[PDB]
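**Student:** I am attaching a structure below and will ask some questions about it afterwards.
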Amino acid sequence: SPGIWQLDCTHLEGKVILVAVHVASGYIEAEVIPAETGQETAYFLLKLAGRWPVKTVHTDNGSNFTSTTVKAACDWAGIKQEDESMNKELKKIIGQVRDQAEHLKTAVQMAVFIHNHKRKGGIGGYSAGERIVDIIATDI
Amino acid sequence: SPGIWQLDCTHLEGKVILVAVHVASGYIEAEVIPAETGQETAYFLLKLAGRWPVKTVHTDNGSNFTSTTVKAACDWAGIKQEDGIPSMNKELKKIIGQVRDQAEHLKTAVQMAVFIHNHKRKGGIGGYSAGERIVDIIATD
Ligand SMILES: Cc1onc(-c2ccccc2)c1C(=O)O
């Protein structure tokens, strides 16, 4: 179902990685923020919804999700809030490349790239990035 | 032509907005950044290439694109950087004006403007938004 996302946090090197996964494709958007604040959550949600058709986000039940700024952002963007493997593996990929860049946020974006472009299976398979565009274009 | 994006910058309230426009559809991605440095630009392009299949980037050849760090990122990501190959900015700045008094900070209003731009139906009730066009242009199957 095309508008469904899951949003999770990962700590690492004492920073926070916000990860949104498109549930039906496995396609990932992620960013590193100083701290898991209401402000940063709202900002990330607004960004995600202006880039993809986001109907429903499933979250952990942290306090960042129920701030007034998050609620105003979700209200404005038409996002409905609700209450894992693609997250273990982003961490894995991050380990595979941690040592190609100085900074953690570069590594994180390299991992998102590698994840989203990686063909699954043999000749005839699709990457996550292909699945999401395909699912949305079919829906339209 | 589906893998081509045009990068431009626009300046507001003393801040820097970096804009990437998918030329065939008009879809945009945009971020407020501190200043147009080699690292911020390389970071922006790596985010973009991780999210859409970017073949080619046309730039304004600003000094941030001659940075060694940008070239290394484009090489890493497999992007052909085309410098100096010739206005979303005007449109975006006007959408920003319509939402500016809803956001405590410019950065928020920029993302609200990107949301409205990508969702806006173009060319009548039988139209399509930039968002629909891009997925339609990019989808392979
Ligand atoms: C309807 C519909 O279906 N998909 C999109 C869309 C929106 C933003 C990005 C990509 C697709 C969209 C829209 O509201 O423009």
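To be explicit about the labels: the chains of the structure tokens are called A, B, and onward in the order shown, and within each one the residues are counted from 1, while ligands get numbers from 1 in the order they are shown.
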Which residues are near residue 55 of chain A? Cut-off 7 Å, only C-alpha atoms, ignore same chain within fewer than 3 positions. Put them as a list in words.
**Tutor:**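 The contact residues come out as residues 3, 4, 78, 79 and 80 of chain A.
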**Student:** Just to be explicit: take each residue in the selection above, keep N, CA and C atoms, and write the result as a JSON list (two decimals), in the first residue's frame.
**Tutor:**
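Output below, filename again_11.json:
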[["chain", "number", "residue", "atom", "x", "y", "z"],
["A", 3, "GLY", "N", 1.25, 4.80, 0.32],
["A", 3, "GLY", "CA", 1.48, 5.97, 1.22],
["A", 3, "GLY", "C", 1.97, 5.64, 2.64],
["A", 4, "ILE", "N", 2.38, 4.37, 2.86],
["A", 4, "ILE", "CA", 2.74, 3.88, 4.18],
["A", 4, "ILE", "C", 4.22, 3.81, 4.43],
["A", 78, "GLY", "N", -0.98, 16.52, 5.76],
["A", 78, "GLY", "CA", -1.95, 15.45, 5.66],
["A", 78, "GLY", "C", -1.43, 14.11, 6.10],
["A", 79, "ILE", "N", -0.53, 14.09, 7.05],
["A", 79, "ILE", "CA", 0.06, 12.84, 7.54],
["A", 79, "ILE", "C", -0.66, 12.34, 8.74],
["A", 80, "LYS", "N", -1.03, 11.08, 8.72],
["A", 80, "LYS", "CA", -1.62, 10.48, 9.84],
["A", 80, "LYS", "C", -0.54, 9.66, 10.60]]
**Student:** If we count only C-alpha atoms, which residues of chain A reach to within 7 Å of chain B? Please list them as JSON, numbers by chain.
**Tutor:** {"A": [43, 46, 47, 49, 50, 51, 106, 109, 112, 113, 116, 130, 133, 134, 136, 137]}
**Student:** Pick out the residues sitting within 6 Å of residue 7 of chain B, and hand them over as a ChimeraX atom specification; count only C-alpha atoms, and ignore anything fewer than 5 positions along from it in its own chain.
**Tutor:** /B:19-20,59
**Student:** Using only C-alpha atoms and all ligand atoms, can you tell me which of A:54, A:111, A:101, A:17 comes closest to ligand 1?
**Tutor:**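 Going through A:54, A:111, A:101, A:17 one by one, the smallest distance to ligand 1 is for A:54.
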**Student:** Counting only C-alpha atoms, what is within 9 Å of residue 37 of chain A, bar same-chain residues fewer than 4 positions away, as a PDB file with N, CA and C atoms, in the first residue's frame?
**Tutor:**
ATOM      1  N   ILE A  33      20.910  13.656  12.831  1.00  0.00           N
ATOM      2  CA  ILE A  33      20.551  14.913  13.520  1.00  0.00           C
ATOM      3  C   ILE A  33      21.311  14.877  14.863  1.00  0.00           C
ATOM      4  N   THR A  41      12.231  16.128  14.211  1.00  0.00           N
ATOM      5  CA  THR A  41      11.184  15.193  13.732  1.00  0.00           C
ATOM      6  C   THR A  41      10.175  15.830  12.775  1.00  0.00           C
ATOM      7  N   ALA A  42       9.714  17.023  13.128  1.00  0.00           N
ATOM      8  CA  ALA A  42       8.755  17.732  12.324  1.00  0.00           C
ATOM      9  C   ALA A  42       9.320  18.146  10.982  1.00  0.00           C
ATOM     10  N   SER A  63       8.446  10.867  22.557  1.00  0.00           N
ATOM     11  CA  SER A  63       7.865  12.144  22.870  1.00  0.00           C
ATOM     12  C   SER A  63       8.076  13.141  21.756  1.00  0.00           C
ATOM     13  N   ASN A  64       9.140  12.983  21.006  1.00  0.00           N
ATOM     14  CA  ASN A  64       9.305  13.791  19.775  1.00  0.00           C
ATOM     15  C   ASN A  64       8.081  13.764  18.830  1.00  0.00           C
ATOM     16  N   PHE A  65       7.374  12.625  18.748  1.00  0.00           N
ATOM     17  CA  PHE A  65       6.158  12.484  17.884  1.00  0.00           C
ATOM     18  C   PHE A  65       4.871  13.102  18.315  1.00  0.00           C
TER      19      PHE A  65
END
**Student:** Might you pull out every residue within 12 Å of residue 86 of chain A, with only C-alpha atoms counted and same-chain residues fewer than 3 positions away left off, and present them as JSON, numbers by chain?
**Tutor:** {"A": [6, 7, 8, 10, 19, 20, 21, 22, 23, 24, 25, 26, 27, 28, 29, 30, 89, 90, 91, 92, 93, 111, 112, 115, 116, 128]}
**Student:** Between B:130, B:57, B:33, B:21, which one has atoms that come closest to ligand 1, using only C-alpha atoms and all ligand atoms?
**Tutor:**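 Nearest candidate to ligand 1 out of B:130, B:57, B:33, B:21: B:130.
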**Student:** Work out how far apart atom CA of residue 83 of chain A and atom CA of residue 31 of chain A are and give it in Å to one decimal.
**Tutor:**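 Distance between the two atoms: 21.3 Å.
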**Student:** Chain A near ligand 1 within 6 Å: what's each residue's closest atom pair and its distance in Å to one decimal, counting only C-alpha atoms and all ligand atoms, ordered by chain then ascending residue number, as a Markdown table?
**Tutor:**
| residue | atom | partner | partner_atom_place_in_ligand_line | distance |
| --- | --- | --- | --- | --- |
| A:51 | CA | ligand 1 | 9 (C) | 4.7 |
| A:52 | CA | ligand 1 | 9 (C) | 3.9 |
| A:53 | CA | ligand 1 | 7 (C) | 4.6 |
| A:140 | CA | ligand 1 | 3 (O) | 5.9 |
**Student:** Would you mind exporting the chosen residues as a PDB file, in the first residue's frame, restricted to C-alpha atoms?
**Tutor:**
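After the write, result_37.pdb holds the following:
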ATOM      1  CA  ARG A  51       9.060  14.375  -1.769  1.00  0.00           C
ATOM      2  CA  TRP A  52       6.709  11.323  -1.737  1.00  0.00           C
ATOM      3  CA  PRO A  53       3.041  10.770  -1.245  1.00  0.00           C
ATOM      4  CA  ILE A 140      -1.485   6.565 -10.428  1.00  0.00           C
TER       5      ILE A 140
END
**Student:** Go through B:125, B:79, B:72, B:88 one by one, measure the shortest atom-to-atom distance of each to residue 100 of chain A using only C-alpha atoms, and give the residue with the smallest value.
**Tutor:**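 Checking each of B:125, B:79, B:72, B:88 against residue 100 of chain A, counting only C-alpha atoms, the winner is B:72.
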**Student:** Which of chain A end up as strand (DSSP E) when DSSP is run on this backbone - answer as a ChimeraX atom specification?
**Tutor:** /A:4-12,15-22,27-33,56-58,80-82
